[PDB]
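Chemist: Got a structure for you, written out below as structure tokens; questions coming shortly.
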Amino acid sequence: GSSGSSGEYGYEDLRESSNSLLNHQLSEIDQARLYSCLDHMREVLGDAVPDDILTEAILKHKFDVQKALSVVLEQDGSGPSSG
């Protein structure tokens, strides 16, 4: 957390995501949130929609189902319009 990776230069050195797996694993905290969120949006879109889609949406608003949904909804609703 504290004193880790910051600044432009730093990133450069790092060169691409140092570790993917780790990142993926995500911090237990976030994870609990992601899952606690995904699950939700899951029972909604998850029905047919996969996880990634939802997962992204979440990361699309740094964990914000309320938004991820409002967006995940307008995303599909976009198709059917006008008449």
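Residue numbers start at 1 in each chain; chains themselves are named A, B, ... in the order of the structure tokens; ligands are numbered from 1 in the order shown.
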Distance table requested - range 47-75 of chain A against range 20-42 of chain A, cut-off 7 Å, only C-alpha atoms: one row per qualifying residue with the closest atom pair and its distance in Å to one decimal, ordered by chain and rising residue number, as JSON lines.
Modeler:
{"residue": "A:47", "atom": "CA", "partner": "A:42", "partner_atom": "CA", "distance": 6.2}
{"residue": "A:51", "atom": "CA", "partner": "A:38", "partner_atom": "CA", "distance": 6.9}
{"residue": "A:54", "atom": "CA", "partner": "A:38", "partner_atom": "CA", "distance": 6.1}
{"residue": "A:55", "atom": "CA", "partner": "A:38", "partner_atom": "CA", "distance": 6.4}
{"residue": "A:63", "atom": "CA", "partner": "A:34", "partner_atom": "CA", "distance": 6.8}
{"residue": "A:65", "atom": "CA", "partner": "A:37", "partner_atom": "CA", "distance": 6.3}
{"residue": "A:69", "atom": "CA", "partner": "A:41", "partner_atom": "CA", "distance": 7.0}
Chemist: So that I have them on file, write out the residues from the current selection with C-alpha atoms, as a PDB file, in the first residue's frame.
Modeler:
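And here's again-v7.pdb as it stands now:
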ATOM      1  CA  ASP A  47     -28.306 -14.551 -15.711  1.00  0.00           C
ATOM      2  CA  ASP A  51     -18.719 -12.154 -15.013  1.00  0.00           C
ATOM      3  CA  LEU A  54     -19.805  -7.238 -14.882  1.00  0.00           C
ATOM      4  CA  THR A  55     -16.291  -7.285 -13.474  1.00  0.00           C
ATOM      5  CA  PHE A  63     -16.643  -0.617  -7.678  1.00  0.00           C
ATOM      6  CA  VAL A  65     -22.720  -1.303  -8.904  1.00  0.00           C
ATOM      7  CA  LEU A  69     -25.649  -1.182 -13.396  1.00  0.00           C
TER       8      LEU A  69
END
Chemist: What is the distance, in Å and to one decimal place, between CA of residue 75 in chain A and CA of residue 17 in chain A?
Modeler: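 Separation between CA of residue 75 in chain A and CA of residue 17 in chain A: 28.7 Å.
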Chemist: For residue 67 in chain A, find every residue with an atom within 9 Å (counting only C-alpha atoms), except residues of its own chain fewer than 6 positions away, and show them as a CSV table (one decimal) with N, CA and C atoms, in the first residue's frame.
Modeler:
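This is the output file selection.csv:
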chain,number,residue,atom,x,y,z
A,57,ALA,N,-17.3,-3.5,-15.7
A,57,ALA,CA,-18.2,-2.5,-15.3
A,57,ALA,C,-17.8,-1.9,-14.0
A,58,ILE,N,-17.6,-2.9,-13.0
A,58,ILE,CA,-17.2,-2.5,-11.7
A,58,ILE,C,-16.0,-1.7,-11.7
A,60,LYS,N,-15.0,-0.2,-14.1
A,60,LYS,CA,-15.3,0.9,-14.9
A,60,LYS,C,-15.7,2.1,-14.1
A,61,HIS,N,-16.1,1.8,-12.8
A,61,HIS,CA,-16.5,2.9,-11.9
A,61,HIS,C,-15.9,2.6,-10.5
Chemist: Give me, please, the distance in Å between CA of residue 78 in chain A and CA of residue 52 in chain A, quoted to one decimal.
Modeler: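 Taking CA of residue 78 in chain A and CA of residue 52 in chain A, their separation equals 19.6 Å.
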Chemist: Please report, as a ChimeraX atom specification, each residue of chain A to which DSSP assigns helix (DSSP H, G or I) when run on this structure's backbone.
Modeler: /A:8-14,20-25,28-46,51-60,65-77
Chemist: Would you mind telling me which residue in A:66, A:46, A:18, A:72 lies nearest to residue 5 in chain A when using only C-alpha atoms?
Modeler: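 Smallest separation from residue 5 in chain A among the options: A:18.
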Chemist: For CA of residue 44 in chain A and CA of residue 64 in chain A, quote the distance in Å rounded to one decimal.
Modeler: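 Taking CA of residue 44 in chain A and CA of residue 64 in chain A, their separation equals 14.9 Å.
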